[PDB]
2 protein chains.
Amino acid sequence: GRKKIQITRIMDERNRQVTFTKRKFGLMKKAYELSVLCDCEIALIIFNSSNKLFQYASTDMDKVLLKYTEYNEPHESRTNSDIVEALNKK
Amino acid sequence: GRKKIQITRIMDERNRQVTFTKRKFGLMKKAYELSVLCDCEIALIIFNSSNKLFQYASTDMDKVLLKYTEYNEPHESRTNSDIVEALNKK
DNA sequence: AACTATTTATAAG
DNA sequence: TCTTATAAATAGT
């Protein structure tokens with residue numbers, strides 16, 4: 001956008017609340033497209049600072065969660081650190 | 001990118017596999033940033049066309065899924081259709 | 001495994 | 001492998 005930003009908690013309770021809403025949609029949109037382009041099933045679960053729930057699922061969310069729990073092989077399992085680290089590599 | 005593309009299953013088994021890998025990271029990156037910018041907890045579950053698993057979580061993924069299962073209020077619960085619709089509105 | 005032709009999202013071959 | 005001014009993602013070569 002107009003300015004570049006440093007990933008860090010927006011201290012401003014409002015721009016935070018606004019950015020959340022905006023990006024959340026972007027996130028879901030992407031998820032949507034990825035889901036579709038590549039014939040994959042996606043589930044996305046979000047909890048805002050106030051522990052309120054927002055969820056997207058390409059299909060049948062609980063169906064996906066169920067598959068998940070039953071999975072028994074190793075697999076890509078990233079976390080925030082994994083991500084920051086992968087980033088710094090570039 | 002160089003060309004605009006229509007959201008639909010990449011029929012080319014290869015460009016599909018490639019695009020999947022690329023965008024998946026983009027997805028996680030975003031999720032990462034959202035998680036951080038806005039102090040929210042995020043869990044992302046992906047299954048490729050071949051039923052293999054990929055997951056990101058801002059923190060303790062199972063902790064998040066657990067919260068989810070226990071939630072009992074109505075909440076934003078989007079799905080692909082909800083998304084396409086919302087798009088066409090623009 | 002790069003590259004790269006205001007940064008589509010988002011902050012004020 | 002809500003409006004632009006700008007950053008950040010990415011299709012394709």
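Bear in mind that the values in this text are calculations on the coordinates, not laboratory data. Positions of Cβ are backbone-derived with ideal geometry, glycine not excepted, and every protein chain shown enters the neighbour counts.
Would you be able to say whether some residue in segment A:29-37 is away from DNA strand C (no atom under 16 Å from the Cβ), among the β-branched types (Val, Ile, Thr), out of contact with any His (no Cβ under 6 Å at 6 or more places or on another chain) and under 30 Å from B:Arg9 (Cβ atoms)?
Scanning segment A:29-37, I find no residue that is away from DNA strand C (no atom under 16 Å from the Cβ), among the β-branched types (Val, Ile, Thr), out of contact with any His (no Cβ under 6 Å at 6 or more places or on another chain) and under 30 Å from B:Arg9 (Cβ atoms), so the answer is no.
Taking the residues in segment A:64-73 that are facing chain B (nearest Cβ under 9 Å) and assigned to a loop (DSSP other than H, G, I, E, B) as candidates, determine which candidate is farthest from A:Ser35 (Cα to Cα).
Ranking the qualifying residues of segment A:64-73, first place goes to A:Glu73.
Looking at segment A:11-27, which of its residues are within 17 Å of the chain's Cα centre (by Cα) and more than 10 Å from DNA strand C (Cβ to nearest atom)?
A:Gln17
Checking A:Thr8 against (1) part of a helix (DSSP H, G or I); (2) over 15 Å from the mean Cα position of the chain (by Cα); (3) within 7 Å of another protein chain (Cβ to nearest Cβ); (4) within 13 Å of DNA strand D (Cβ to nearest atom): exactly one of these is not met. Which one?
Every condition holds for A:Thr8 apart from (1).
Going by what's in this entry, would B:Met61 be described as without any contact (Cβ under 8 Å) to a residue 60 or more places away in the chain, touching a strand residue (DSSP E or B) at 6+ places or on another chain (Cβ under 7 Å) and more than 7 Å from every other protein chain (Cβ to nearest Cβ)?
yes
Anything in segment B:35-58 that is polar (S, T, N, Q) and either at the interface with chain A (Cβ under 7 Å from one of its Cβ atoms) or within 20 Å of A:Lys22 (Cα to Cα) (or both)? List them, or say none.
Listed by number, the residues that qualify are B:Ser35, B:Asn48, B:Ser49, B:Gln55, B:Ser58.
Looking at segment B:29-63 only, could you name the residues that are within 16 Å of DNA strand D (Cβ to nearest atom), of a type in the set (S, T, N, Q) and not in a loop (DSSP other than H, G, I, E, B)?
B:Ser35, the sole residue that qualifies.
Go through segment A:26-40 and report how many residues are over 20 Å from B:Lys4 (Cβ atoms) and surrounded by fewer than 20 Cβ atoms within 10 Å (Cβ to Cβ).
Number satisfying all stated conditions: 1.
Every residue, every condition in (1) within 7 Å of chain A (Cβ to nearest Cβ); (2) away from DNA strand D (no atom under 11 Å from the Cβ); (3) in contact (Cβ under 8 Å) with a residue 12 or more places away in the chain, yes or no:
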residue	(1), (2), (3)
B:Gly1	no, no, no
B:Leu27	yes, no, yes
B:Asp82	no, yes, no
B:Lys90	no, no, no
